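sequence below, structure please.
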Amino acid sequence: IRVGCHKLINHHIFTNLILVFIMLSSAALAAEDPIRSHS
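Numbering: from 1, shown residues only. Sure, structure below:
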């Protein structure tokens with residue numbers, strides 16, 4: 001079925017969790033050590 005997953009895609013709770021996960025992953029990229037690769 002292509003409506004059960006559509007309901008989750010257009011869900012109010014799911015479209016904001018994916019938005020906050022993008023910012024969390026973006027912040028996780030800016031806390032890396034550029035010098036010490038074996039850190």
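
neighbours around residue 13, how many?
Per other Cβ atoms under 10 Å, the neighbour tally for residue 13 reads 7. C-beta coordinates here come from the backbone N, C-alpha and C atoms, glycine included.

alpha carbons only: can I get the host helix or strand of residue 19 in CSV?
Per DSSP states H and E, residue 19 falls inside helix 14-29. What follows is helix 14-29, C-alpha atoms only, in CSV (Å, rounded to 0.1, in the frame of the first residue of the first chain):
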residue,chain,number,x,y,z
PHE,A,14,7.9,12.6,11.8
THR,A,15,8.6,15.7,9.6
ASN,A,16,10.1,17.5,12.6
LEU,A,17,12.2,14.7,14.0
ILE,A,18,13.9,14.4,10.5
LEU,A,19,14.4,18.2,10.6
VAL,A,20,16.1,18.1,14.0
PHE,A,21,18.2,15.1,13.0
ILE,A,22,19.7,17.1,10.1
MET,A,23,20.8,19.8,12.5
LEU,A,24,22.2,17.2,15.0
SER,A,25,24.2,15.4,12.2
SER,A,26,25.3,18.8,11.0
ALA,A,27,26.6,19.7,14.4
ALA,A,28,28.2,16.3,14.7
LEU,A,29,30.4,17.2,11.7
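
quick one: contacts of that helix?
Helix 14-29 is contacted by residues 8, 9 when judged by Cβ atoms under 8 Å, 6 or more residues apart in numbering.

let's see 10 Å
7, 8, 9, 11 (Cβ atoms under 10 Å, 6 or more residues apart in numbering).

distance from that helix to the middle of the chain?
Per Cα atoms, centre = their mean, to the nearest Å, the displacement of helix 14-29 from the mean C-alpha position of its chain is 4 Å.
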